[PDB]
Amino acid sequence: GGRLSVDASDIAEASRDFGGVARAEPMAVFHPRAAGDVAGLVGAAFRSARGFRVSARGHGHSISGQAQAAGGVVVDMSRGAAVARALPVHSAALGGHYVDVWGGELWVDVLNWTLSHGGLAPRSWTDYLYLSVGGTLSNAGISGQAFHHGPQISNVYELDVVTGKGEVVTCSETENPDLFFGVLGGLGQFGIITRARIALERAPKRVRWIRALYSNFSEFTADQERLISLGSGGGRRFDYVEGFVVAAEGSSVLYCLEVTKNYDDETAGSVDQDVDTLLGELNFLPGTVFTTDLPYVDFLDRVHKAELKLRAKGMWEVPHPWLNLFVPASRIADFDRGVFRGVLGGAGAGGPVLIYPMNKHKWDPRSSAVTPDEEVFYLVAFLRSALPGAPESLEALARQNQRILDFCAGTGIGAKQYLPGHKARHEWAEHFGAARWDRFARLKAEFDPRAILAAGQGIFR
Ligand SMILES: *Cc1cc2c(cc1C)nc1c(=O)[nH]c(=O)nc-1n2C[C@H](O)[C@H](O)[C@H](O)COP(=O)(O)OP(=O)(O)OC[C@H]1O[C@@H](n2cnc3c(N)ncnc32)[C@H](O)[C@@H]1O
Ligand SMILES: NC(=O)c1ccc(OC(F)(F)F)cc1NC(=O)Nc1cc(Cl)cc(Cl)c1
């Protein structure tokens, strides 16, 4: 059903990622038509003498070759129009809607499909929609909704997985749960997601998108932490909570609180009051509230608009040495002094520095995802890009990232890397901890004994 390609453009694409650093080339690119084709190719790798590497590629948004299969085969999971798509379904047993999507589908295409078929949409997002479903579900998938709905791995009912033995398995909390929870946040280690059954809600029509400035980090974090505790026994709450660190030019640094209030035709009459009520309880700098009103799709697609402006300036295809950390809330204050003011004090081509807290209880502890041992933790995202055609810019950013990691290590901050870029066995053991490493290695022994899948992650050999 599927086809092997040796087209130089296909090989070049499969040999690179958004990070722009790791460049391991495969022998060929496989374009599947359906799940059985993926099963066939993985089956052949498993049965082969050498046991060649097989990695699925979503949209290639990896930072450090996580989707590369050195001298093996990259499965181009991007099918898209040609194949039939499942319509959203309502279930009286689940008390809501779901949709079956191909593992290679992009979230932007999923959104467009569910909106045009019942005005439905997933409840938990990423900031960027040009990512595959299989790709984000292999990590966590987080944005401003995760504090309330949990990550995208907490909003999936079932999967079809092609294991490292080329077997197709349907799994959920009730059927083959070890494979289901193993795959979720599993870094592609136990199989290729060919189908994901995504939870849906009735989509809002519009968004009231707010930004407010803070000079005091203690007031900023206290407000972020109070906002993510809202929504217990009904109660007024924002639908999205993010934040970012800003340089004063163009205190020494400012913190931007970013919130949204989702609304439709029924709630349009109470949106202005709900926003004013929630904002009154906050301690942002007076006269720094910036408001926008726009369609739900336009809000969710905001980062794609930033991308088009970057492509127009030749600033998109540059190295992206992006570092993502999960920081226990008990150590966030020290993080500001030492990193935002310390390491970063005094940015290459520039880029955002995201910061926002999440609730651990919205993350299922049975999944493979690694979070800090604290109820409240922050994502701290260093999304700074190198200058185009300037290798020294990438080196300076890489030294800054190592200084941030050294700062966390040296002060005993129990931070965990999100999209971990570890490569040494002792680094992976430390990342997971004894209990989780033991569950991870056992799942690997069972579902990918020859370590065929997602070898670019550099965990097993
Ligand atoms: C580039 C980027 C990434 C990004 C983002 C914005 C941009 C500009 N915003 C994010 C956000 O707000 N929140 C978040 O949680 N992540 C965000 N990211 C990072 C993104 O999630 C990751 O890059 C992730 O890898 C998904 O991207 P993509 O779909 O392109 O996947 P990949 O890089 O090719 O593959 C990643 C790993 O997973 C394995 N893989 C790929 N597809 C599958 C399937 N179907 N089944 C199993 N494993 C799969 C790859 O082999 C690799 O190990
Ligand atoms: N405001 C944003 O949100 C954003 C803006 C610009 C942008 O720069 C780009 F235009 F170049 F794309 C990227 C953004 N956001 C993310 O990229 N978010 C993210 C990325 C990873 Cl790798 C992990 C996690 Cl958790 C979040």
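Residues numbered from 1 in each chain as written, not as in the entry; some residues may be left out. Chains lettered and ligands numbered in written order. Heavy atoms only, no water.

- As stated in the entry header, the method of structure determination is X-ray crystallography and the reported resolution is 2.00 Å.

Considering the overall build of the protein
Logical step 1: Along the backbone of the protein there are 14 helices and 18 strands.
Logical step 2: Its C-alpha radius of gyration of 22 Å places the protein within 12% of the 23 Å reference for a compact globule of 461 residues.
Logical step 3: A principal-axis box enclosing the C-alpha atoms of the protein has dimensions of 65 × 55 × 45 Å.
Logical step 4: In the form shown here, the protein has an accessible surface area of approximately 19500 Å², with 52% of it arising from carbon and sulfur atoms.
Logical step 5: For the protein, the distance from the average site of its 46 positive side-chain charges to the average site of its 51 negative ones is 4 Å. (Helix = DSSP H or I, 4+ residues; strand = E, 2+ residues; numbered from the N terminus. Rg over C-alpha atoms; globule rule 2.2 N^0.38 Å. Areas by Shrake-Rupley, 256 points an atom, 1.4 Å probe, with all protein chains shown as cover. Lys, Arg positive; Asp, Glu negative; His and termini not counted. Charge placed at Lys NZ, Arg CZ, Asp CG, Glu CD.)

Re empty space enclosed by the protein
Logical step 1: Taken as a whole, the largest cavity encloses approximately 100 Å³ of empty space.
Logical step 2: Residue lining of the largest cavity: 15 residues in total, with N139, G185, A369, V370 and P420 positioned closest to the centre.
Logical step 3: In this structure, the lining of the largest cavity is formed jointly by two domains, domain 2 (77-204) and domain 3 (205-418), each of which donates at least three residues.
Logical step 4: The space that makes up the second largest cavity amounts to roughly 30 Å³.
Logical step 5: If you trace the second largest cavity, you find it lined by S367, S368, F432, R436, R439, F440 and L443.
Logical step 6: Of the residues assigned to the lining of the second largest cavity, the class counts are three nonpolar, two polar and two charged. (1 Å grid on protein atoms, 1.4 Å probe; cavity = no way out; pocket = protein on both sides within 12 Å on 5 of 7 lines; lining within 4 Å. Points joined across faces, edges and corners; volume = space filled by probe spheres on them. Domains from an automatic or database assignment. Nonpolar A, V, L, I, M, F, W, Y, C, P; charged D, E, K, R; others polar.)

Some thoughts on the sheet that holds strand β2 (residues 28-31)
Logical step 1: Reading across from one edge, β1-β2-β4-β3 is the order of the four strands in this open sheet, with mixed pairing throughout. Each of the sheet's edge strands pairs with one partner strand only, and the pair in question is β1 (3-5) and β3 (54-57). Averaged over all pairs of adjacent strands, the angle between strand axes in this sheet comes to 30°, irrespective of strand direction.
Logical step 2: For β1 and β2, the ladder comprises three bridges, and the chain directions are antiparallel. Note on β2: the bridge partner recorded for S5 is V29. (Pairing = 2+ DSSP bridges. Axes fitted to C-alpha atoms, helices over the stretch in contact; angles between N-to-C directions.)

Here's the deal with unusual backbone geometry
Note: most peptide bonds trans; most residues except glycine with negative phi.
Logical step 1: Here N176, not a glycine, exhibits a phi torsion of approximately 50°, which is positive.
Logical step 2: Taking the relative accessible area as the measure of exposure, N176 reaches 44% and is therefore partly exposed.
Logical step 3: For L187, which is not a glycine, the phi torsion comes out positive at approximately 55°. (Buried < 20%, exposed > 50% of the residue type's maximum accessible area, 1.4 Å probe, protein only.)

A few points about the site of ligand 2
Logical step 1: Around ligand 2 sit 14 residues in total, of which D127, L310, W322, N324 and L383 are the nearest.
Logical step 2: A distance of 2.9 Å separates a nitrogen atom of ligand 2 from a polar atom in the side chain of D127.
Logical step 3: Calculation on ligand 2 without its partners gives an accessible area of 580 Å², and the protein chains cover 83% of this total.
Logical step 4: Along the lines of polarity and charge, the residues of the shell around ligand 2 split into 12 nonpolar, one polar and one charged. (Near = heavy atom within 4 Å. Polar contact = N/O pair within 3.5 Å; in protein donor to acceptor, adjacent residues only side chain to side chain.)

A short note on the site of ligand 1
Logical step 1: Around ligand 1, the structure places 35 residues, and the nearest of them are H61, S62, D127, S132 and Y418.
Logical step 2: Between ligand 1 and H59, the relevant distance is 2.8 Å, taken from an oxygen atom to a main-chain nitrogen or oxygen of the residue.
Logical step 3: Residue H61 places a main-chain N or O atom 2.8 Å away from an oxygen atom belonging to ligand 1.
Logical step 4: Protein chains shield 95% of the accessible area of ligand 1, which is 960 Å² for the free molecule.
Logical step 5: Among the secondary structure elements, those contributing two or more residues to the shell around ligand 1 are β3, α4 (133-137) and β10 (192-202).
Logical step 6: Taken together, the residues of the shell around ligand 1 sort by class into 14 nonpolar, 19 polar and two charged.

Topic: the pattern of salt bridges
Logical step 1: The full count for this structure, using the stated rule, is 27 salt bridges.
Logical step 2: Salt-bridge contacts for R211 lead to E258; the nearest nitrogen and oxygen are separated by 2.9 Å.
Logical step 3: Classification of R211 by relative accessible area gives partly exposed; the value is 32%.
Logical step 4: The class for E258 is buried, based on a relative accessible area of 4%.
Logical step 5: With a shortest N-O distance of 3.3 Å, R331 and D334 are connected by a salt bridge.
Logical step 6: Residue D334 is classed as partly exposed on the basis of its relative accessible area, which comes to 39%. (Salt bridge = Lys/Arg side-chain N within 4 Å of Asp/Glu carboxyl O.)

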